[PDB]
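>>> this one's experimental. Sequence and coordinates below.
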Amino acid sequence: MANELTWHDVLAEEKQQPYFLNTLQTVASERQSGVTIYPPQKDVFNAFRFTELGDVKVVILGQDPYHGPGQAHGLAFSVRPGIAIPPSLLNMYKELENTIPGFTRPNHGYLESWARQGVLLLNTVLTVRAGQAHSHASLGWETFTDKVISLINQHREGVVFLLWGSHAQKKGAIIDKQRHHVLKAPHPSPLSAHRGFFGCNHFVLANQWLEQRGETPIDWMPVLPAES
């Protein structure tokens, strides 16, 4: 709804922060020089565009955004339509198919429908440089995304964070285990996957928790067409 608070009130105070600004003043210079920066600026804050504070239910963190063309668009793991399904996702798709019944691979890495459910797909660092993996880290984003978390953790009760990978598990250390449901597991990545992820069943336990508090469960089957 707007159902409690908006990102702008808990973020009125940060976005006008010295560090955050350099962070964007920086990217500003580069793009200027001619360094293709992904993803486009209009898309930078898309997660926050689609999942208001007061509407978070679940939370999945990503570290660095897709440095490859056509892929990135603001939401973690989410690739645009047409954009070939990145290994990571694939493994999620499967694990999904496997645990949730009836799920059958979407065939589009487009995951907007999830955020429209109240799932925040937050990449810890928000921008990066094409081809240059992890190229925009320590530029301050982590710091923005770090505060962002204490926000939900402190001004929101009973949240679901799914922690995949050690990095992100480093992130939610602050999260109160008592106030917010925190499921952990390896990284959907081809490497991580087999050895913890596959089988984690994070997608279902997630909803068991939401149903529990009487909430609306999540339809992990991403829809694509909306308008046309």
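Noted; the coordinates are in hand. Residues are numbered from 1 along each chain as shown.
>>> residue farthest from the centroid of this protein?
Computed with Cα atoms, centre = their mean, the maximum C-alpha offset from the centroid of the chain is found at residue 33, amounting to 28.9 Å.
>>> okay but residue 50 is in contact with residue 117, surely?
No. Using Cβ atoms under 8 Å, residue 50 is not in contact with residue 117; the gap is 9.4 Å. C-betas here are computed from N, CA, C, even on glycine.
>>> on that earlier part again, what backbone torsions are found at the residue farthest from the centre of the chain?
Residue 33 adopts backbone torsions of phi -60, psi -40, taken as degrees, to the nearest 10.
>>> are we agreed that residue 122 is in a helix?
No. Checked against DSSP: H, G, I helix; E, B strand; the rest coil, residue 122 lies outside a helix; its state is strand.
>>> tally of neighbours for it?
The number of residues packed around residue 122, counting by other Cβ atoms under 10 Å, is 25.
>>> OK, contacts around it?
Residues counted as contacts of residue 122 (Cβ atoms under 8 Å, 6 or more residues apart in numbering) are 47, 59, 60, 61, 62, 76, 145, 148.
>>> the residue sitting nearest the centre point of the chain bridge partners, please.
The centroid of the chain falls nearest to residue 121 when counting by Cα atoms, centre = their mean (1.9 Å). Beta-bridge pairing of residue 121 under DSSP bridges involves residue 60.
>>> which residues in this structure form strands?
When secondary structure is read from DSSP state E, the chain shows strands at 37-38, 58-62, 119-123, 128-129, 160-164, 181-185.
>>> one step back: go ahead and confirm the residue nearest to the centre of the chain touches residue 110.
No. Contact criterion Cβ under 8 Å: residue 121 and residue 110 do not qualify, at 11.5 Å.
>>> okay, and the common contacts of the two?
With Cβ under 8 Å, 6+ apart as the test, residue 121 and residue 110 both reach residue 78.
>>> next, count neighbours for the residue nearest to residue 137 when sequence neighbours are not counted.
Distances taken as Cβ to Cβ, 6 or more residues apart in numbering place residue 125 nearest to residue 137, at 5.2 Å, with adjacent residues excluded. Using other Cβ under 10 Å, residue 125 has 22 neighbouring residues.
>>> roughly how far apart are residue 125 and residue 206?
24 Å (Cβ to Cβ, to the nearest Å).
>>> likewise for residue 123?
Distance, residue 123 to residue 206, by Cβ to Cβ: 19 Å.
>>> for residue 72, same thing?
On the measure of Cβ to Cβ, residue 72 and residue 206 end up 24 Å apart.
>>> can you pull out the helices in the chain?
18-33, 41-44, 46-50, 87-99, 112-115, 141-154, 166-171, 202-212 (DSSP state H).
>>> name the helices or strands packed onto the first one?
For helix 18-33, the contact count by 3 or more Cβ pairs under 8 Å, 6 or more residues apart in numbering; DSSP states H and E identifies strand 37-38, helix 141-154 as packing neighbours.
>>> can you put these in a markdown table and add distance to residue 4 and mean neighbour count?
Output for those, formatted as a markdown table (distance: least, Cβ to Cβ, whole Å; neighbours: other Cβ atoms under 10 Å):
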| stretch | distance to residue 4 | mean neighbour count |
| --- | --- | --- |
| strand 37-38 | 32 | 24 |
| helix 141-154 | 11 | 18 |
